[PDB]
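Asker: Residue numbers (the entry's author numbering), protein chains in the order written: chain B, 2 to 272; chain X, 2 to 78; chain G, 1 to 149; chain k, 1 to 104.
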Amino acid sequence: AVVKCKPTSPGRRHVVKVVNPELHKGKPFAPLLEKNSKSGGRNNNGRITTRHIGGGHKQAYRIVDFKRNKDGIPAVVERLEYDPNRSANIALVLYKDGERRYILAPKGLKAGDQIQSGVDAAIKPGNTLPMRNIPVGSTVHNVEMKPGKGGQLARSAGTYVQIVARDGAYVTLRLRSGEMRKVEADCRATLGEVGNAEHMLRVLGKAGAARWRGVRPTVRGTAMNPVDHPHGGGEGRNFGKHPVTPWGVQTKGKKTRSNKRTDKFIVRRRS
Amino acid sequence: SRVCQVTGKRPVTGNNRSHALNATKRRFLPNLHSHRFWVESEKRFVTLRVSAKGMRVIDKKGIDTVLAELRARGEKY
Amino acid sequence: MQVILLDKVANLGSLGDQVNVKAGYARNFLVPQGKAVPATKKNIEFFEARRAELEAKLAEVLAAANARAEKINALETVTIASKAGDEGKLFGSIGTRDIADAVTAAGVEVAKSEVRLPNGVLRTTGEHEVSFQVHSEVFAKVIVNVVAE
Amino acid sequence: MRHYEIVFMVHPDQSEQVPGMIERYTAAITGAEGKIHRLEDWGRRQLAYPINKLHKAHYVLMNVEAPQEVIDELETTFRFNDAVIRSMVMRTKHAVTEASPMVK
RNA sequence: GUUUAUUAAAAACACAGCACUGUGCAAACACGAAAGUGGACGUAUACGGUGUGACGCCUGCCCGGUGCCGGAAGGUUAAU
Ligand SMILES: [Mg+2]
Ligand SMILES: [Mg+2]
Ligand SMILES: [Mg+2]
Ligand SMILES: [Mg+2]
Ligand SMILES: [Mg+2]
Ligand SMILES: [Mg+2]
Ligand SMILES: [Mg+2]
Ligand SMILES: [Mg+2]
Ligand SMILES: [Mg+2]
Ligand SMILES: [Mg+2]
Ligand SMILES: [Mg+2]
Ligand SMILES: [Mg+2]
Ligand SMILES: [Mg+2]
Ligand SMILES: [Mg+2]
Ligand SMILES: [Mg+2]
Ligand SMILES: [Mg+2]
Ligand SMILES: [Mg+2]
Ligand SMILES: [Mg+2]
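Quick look at the structure:
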């Protein structure tokens with residue numbers, strides 16, 4: 002549920018929260034954590050490669066199960082947690098034999114409902130089963146690309162991927178962008194839309210609400226000097242040139258896809 | 002490194018001469034390919050990083066004469 | 001690539017021909033599977049004089065055990081027990097090693113690279129013809145039953 | 001409880017395993033303490049129009065007196081069974097054991 | 001809030017918000033003769049770039065030019 006914050010100061014004027022009361026108000030499960038040190042957008046050479054990353058609140062990596070291998074063992078959701086690494090809330094599942102894991106929580110999955118992976122998993126949200134066993138037309142998430150690799154499609158806050166067709170060995174997936182990608186029918190796919198569907202309804206509201214997430218400020222190009230960006234210069238505000246990246250590559254329309262290996266798995270691009 | 006193991010090739014540096022003879026230094030890289038060769042006397046595959054000249058040579062001398070050079074040269078395979 | 005042959009290949013010659021092949025077809029398929037020797041002047045005399053008919057002693061006792069890998073399998077009673085759902089809808093699909101584990105227990109201790117499947121999945125419960133290529137010359141017809149668990 | 005009239009149309013490749021289904025669908029009704037009144041396997045039948053690109057189907061008429069919890073379960077058993085093409089669970093006021101017009 | 005340490009603190013840059021566009025993951029893009037790494041142990045509600053710069057009422061006409069995008073029958077054109 003969203004909460005429009007009352008304007009008791011500028012910078013609380015526009016803040017729209019996402020108050021989820023289902024989330025656990027306590028410590029996470031300590032065996033499933035590991036260190037997530039920040040990098041600032043800097044590779045092994047030390048140079049800034051990706052810009053506008055740095056700062057923000059410290060985080061710890063939750064070891065989330067994307068591969069979802071424990072076949073034929075039912076698991077019950079113990080609580081829902083807030084995950085700083087991603088936009089979907091995660092769910093501490095307790096299997097019957099005693100192993101605890103996290104999964105990406107689906108849309109309606111709250112604490113108590115029993116989930117189960119495998120090949121014979123009952124078709125209801127939470128259950129992961131290979132896409133030759135999922136009926137054509139349903140909405141799955143956490144979809145793999147290669148079998149046994151781990152979920153890679155529809156893994157964000159409120160995204161889902163429809164299985165539009167099954168022709169033999171591959172299933173055609175109407176992905177979340179509109180792209181129709183063929184993934185093999187042996188790949189796992191967790192049923193149901195993924196949970197935190199109102200994540201796009203939040204408003205950060207103030208400038209330092211993005212610095213909390215590690216979003217350093219984005220200086221637009223037409224302010225810089227001509228040595229700094231192609232959009233530099235001007236004795237005023239001048240922009241008499243076609244909009245390019247800081248490295249000359251066109252932005253406003255130019256398709257920069259260079260993967261000719263996997264053009265075969267792509268029925269259509271997006272619109 | 003860009004060294005064909007068989008023929009000992011190596012990137013040589015010449016010039017990108019243009020229509021007005023402007024000389025900018027370039028490199029001629031060899032046509033190296035990492036290939037699994039069937040050594041019939043060992044019945045295992047030896048991966049030699051070999052050019053495309055050096056696969057004409059292996060198809061001529063035979064792989065057991067070529068790998069009898071790479072020991073005497075002192076090179077691993 | 002002038003190459004010599006040691007077994008009949010389907011569309012270029014029999015044992016003991018000096019056939020022009022494309023130089024990657026000998027380098028990747030003919031010589032690494034032992035169907036050929038590169039036709040050097042030292043390997044012409046090694047074969048066309050010595051083993052011109054001495055290989056027919058060996059390449060025919062290679063296929064003498066072909067029927068001894070086939071004709072003794074005149075029982076044709078093979079059953080694989082895999083879990084299904086209901087009225088088909090198979091939980092555990094039968095592969096080629098799954099056939100070559102129940103042809104294994106019933107008859108020949110057979111390699112898994114021989115099982116030729118027109119479907120490859122055998123998902124639907126029922127009888128299915130499972131032909132073999134246990135040598136490249138004489139083929140088999142054993143029909144394997146899938147029975148529900 | 002509540003009286004229903006369930007007719008479902010089985011894919012005719014699976015006509016051999018139609019009693020393989022009714023041994024479960026009835027057993028969920030009689031196993032939920034609900035009677036079964038008439039069970040009339042209509043047999044294979046020509047369609048008036050081809051559903052799902054095929055022209056015949058194996059129909060089954062089955063009056064049911066069940067509590068409603070094991071019928072929504074039963075519709076979602078037709079829904080995920082890829083054999084039954086069409087189901088139609090019509091509610092009827094009384095239990096009719098009097099035979100169909102299409103038994104004769 | 002930030003900025004010309006040392007004559008410019010500003011109406012400049014930023015900003016939340018908005019839009020366009022690229023990106024199906026071995027992502028685009030960046031740093032590297034390459035390996036690799038950042039992107040990200042993130043997966044389109046995500047990420048990169050671009051312009052605008054809370055909010056309210058709004059954003060009109062022109063595709064000839066210059067780019068971009070889609071077309072590919074014809075013309076013309078490289079090594080060979
Ligand atoms: Mg950015
Ligand atoms: Mg900006
Ligand atoms: Mg911005
Ligand atoms: Mg300036
Ligand atoms: Mg410039
Ligand atoms: Mg001006
Ligand atoms: Mg002007
Ligand atoms: Mg000079
Ligand atoms: Mg101020
Ligand atoms: Mg100053
Ligand atoms: Mg200062
Ligand atoms: Mg001052
Ligand atoms: Mg401005
Ligand atoms: Mg209006
Ligand atoms: Mg306008
Ligand atoms: Mg135009
Ligand atoms: Mg035009
Ligand atoms: Mg064009």
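The beta-carbon is built from N, C-alpha and C at its ideal position, and this holds for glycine as well.
Compile a chain-ordered list of the residues in the segment 102-125 of chain B whose CB is closer than 7 Å to at least one CB of chain G.
Answerer: For the segment 102-125 of chain B, which is checked against every Cβ of chain G, the residues closer than 7 Å are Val120 and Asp121.
Asker: Note the first and the last residue of the continuous beta strand (DSSP E) segment covering k/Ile85.
Answerer: Unbroken beta strand (DSSP E) run through k/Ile85: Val84 to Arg91.
Asker: Can you give me the C-alpha to C-alpha distance between B/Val3 and B/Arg52, rounded to a whole angstrom?
Answerer: Rounded to whole angstroms, B/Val3 to B/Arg52 spans 31 Å at the Cα level.
Asker: Hey, does G/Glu87 have any beta-carbon neighbour from chain k nearer than 8 Å?
Answerer: Chain k contact via Cβ: present.
Asker: Does any CB atom of chain X fall closer than 8 Å to the CB of G/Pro118?
Answerer: Output row for G/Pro118: interface = no.
Asker: Counting pairs of Cβ atoms below 8 Å between the segment 10-30 of chain k and the segment 106-119 of chain G, do you hit three or more?
Answerer: Contact between the segment 10-30 of chain k and the segment 106-119 of chain G is absent, because fewer than three Cβ pairs lie under 8 Å.
Asker: Does ligand 1 have a heavy atom nearer than 7 Å to the CB of B/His230?
Answerer: False, no ligand heavy atom lies under 7 Å from that Cβ.
Asker: Just curious, the beta strand (DSSP E) that G/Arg27 is in, first and last residue?
Answerer: Looking at the DSSP string, G/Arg27 is not in any beta strand (DSSP E), and its letter there is neither H nor E.
Asker: Is any beta-carbon of chain X found at less than 8 Å from that of G/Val21?
Answerer: With 8 Å as the cut-off, G/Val21 does not count as an interface residue toward chain X.
Asker: For k/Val7 versus k/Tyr59, is the C-beta distance shorter than 8 Å?
Answerer: In this structure, k/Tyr59 lies closer than 8 Å to k/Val7 by Cβ.
Asker: Check whether the segment 30-48 of chain X and the segment 1-17 of chain G touch, using three or more Cβ-Cβ pairs below 8 Å as the test.
Answerer: Not touching, per the Cβ criterion.
Asker: Between B/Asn239 and ligand 6, is the CB less than 7 Å from at least one heavy atom?
Answerer: Yes, since a heavy atom of ligand 6 falls inside the 7 Å radius drawn around the Cβ of B/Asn239.
Asker: In angstroms with no decimal places, state the Cα-to-Cα distance between G/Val31 and B/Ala170.
Answerer: Rounded to whole angstroms, G/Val31 to B/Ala170 spans 34 Å at the Cα level.
Asker: Let me confirm a value: G/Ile143 is counted as buried when at least 16 other C-beta atoms fall within 10 Å, else exposed. Which label applies?
Answerer: With fewer than 16 other Cβ atoms within 10 Å, it is exposed.
Asker: Cβ-heavy atom distance between B/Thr219 and ligand 1 below 7 Å?
Answerer: Yes, since a heavy atom of ligand 1 falls inside the 7 Å radius drawn around the Cβ of B/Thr219.
Asker: Quick one: list the residues of chain G neighbouring k/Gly20, beta-carbon separation under 7 Å, in chain order.
Answerer: Within chain G, the residues near k/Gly20 are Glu87.
Asker: Determine, using beta carbons only, whether k/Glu5 and k/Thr92 come nearer to each other than 8 Å.
Answerer: Taking 8 Å as the Cβ cut-off, k/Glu5 and k/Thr92 qualify as a contacting pair.
Asker: Ordered along the chain, which non-local residues of its own chain (more than five positions away) have a Cβ less than 8 Å from that of B/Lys242?
Answerer: The answer, listed in chain order, is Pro231 and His232.
Asker: Taking the alpha carbon of B/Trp213 as the point to measure from, which residue in B/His58, B/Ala31 and B/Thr50 has its own alpha carbon closest?
Answerer: Nearest of B/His58, B/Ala31 and B/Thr50 to B/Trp213, Cα basis: B/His58.
Asker: Would you verify that the beta carbon of G/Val31 is, or is not, closer than 8 Å to some beta carbon of chain X?
Answerer: Interface residue, yes.
Asker: Could you please give the first and the last residue of the uninterrupted alpha helix (DSSP H) stretch that includes k/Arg44?
Answerer: Where k/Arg44 is concerned, there is no enclosing alpha helix (DSSP H), although the beta strand (DSSP E) it sits in stretches over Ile36 to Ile51.
Asker: Should B/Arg69 go down as buried or exposed, given a rule of 16 or more other Cβ atoms within 10 Å for buried?
Answerer: Its Cβ being crowded by 16 or more others within 10 Å, B/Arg69 is buried.
Asker: Using beta carbons (cut-off 8 Å, strictly below), is G/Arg50 in contact with chain X?
Answerer: No, G/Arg50 does not count as interfacial toward chain X.
Asker: Taking G/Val121 as the reference, which of G/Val108, G/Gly92 and G/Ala148 has the closest Cα?
Answerer: For G/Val121, the nearest C-alpha among the options comes from G/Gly92.
Asker: What's the gap between the Cα of B/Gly47 and the Cα of G/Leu5?
Answerer: Distance between the alpha carbons of B/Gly47 and G/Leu5 is about 59 Å.
Asker: With contact counted as at least three CB pairs below 8 Å, one residue from each stretch, are the segment 59-71 of chain G and the segment 123-139 of chain G in contact?
Answerer: Touching, yes.
Asker: Quick check on this structure: which residue in X/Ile64, X/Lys26, X/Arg28 and X/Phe29 has the alpha carbon closest to the alpha carbon of X/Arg37?
Answerer: When only C-alpha atoms are compared, the closest one is X/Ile64.
Asker: State the DSSP-derived secondary structure class of B/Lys26, mapped to helix, strand or coil.
Answerer: Note: B/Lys26 maps to coil in three-state DSSP.
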